[PDB]
């Protein structure tokens, strides 16, 4: 009954980054889910929960490039697809991993 959620904040406008594509995939595998964030910069239903979530490593592809493109950040952006690898150990624990994003930097952390 574990859960994996996320959250994106656009540190340039100080508002949640919405409609940003998020790819999720098991380590080694290829995309298994592809979600687009809502206005609060989240996804209605967790990226993982219950049976789905299983100890091991995962990666999330935040499509920062396209996000900033829709706002402006160039024709060959420094940050294209911000990738994040991590390992969920406890299959029943909750994992909130937000992404603080800027055109030239980002914060990856385990919130709650």
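Residue numbers count along the first chain shown, from 1.
Enquirer: For the stretch from residue 38 to residue 39, please bin the deposited residues that the model skips: none, 1 to 3, 4 to 9, or 10 or more.
Expert: None; the chain is continuous from residue 38 to residue 39.
Enquirer: Which has the higher mean CA temperature factor in the PDB entry, 22-30 or 52-60?
Expert: Mean C-alpha B-factor is greater for 52-60.
Enquirer: Looking at the entry, does 8-16 or 87-95 show the higher mean C-alpha B-factor?
Expert: According to the entry, 87-95 carries the higher average C-alpha B-factor.
Enquirer: Classify residue 79 as lowest, middle or highest third according to the C-alpha B-factor given in the PDB entry, relative to its own chain.
Expert: It falls in the middle third of the chain.
Enquirer: Divide the modelled residues of the chain into thirds by Cα B-factor and specify which third, lowest, middle or highest, holds residue 105.
Expert: Ranked within chain, residue 105 CA B lands in the lowest tercile.
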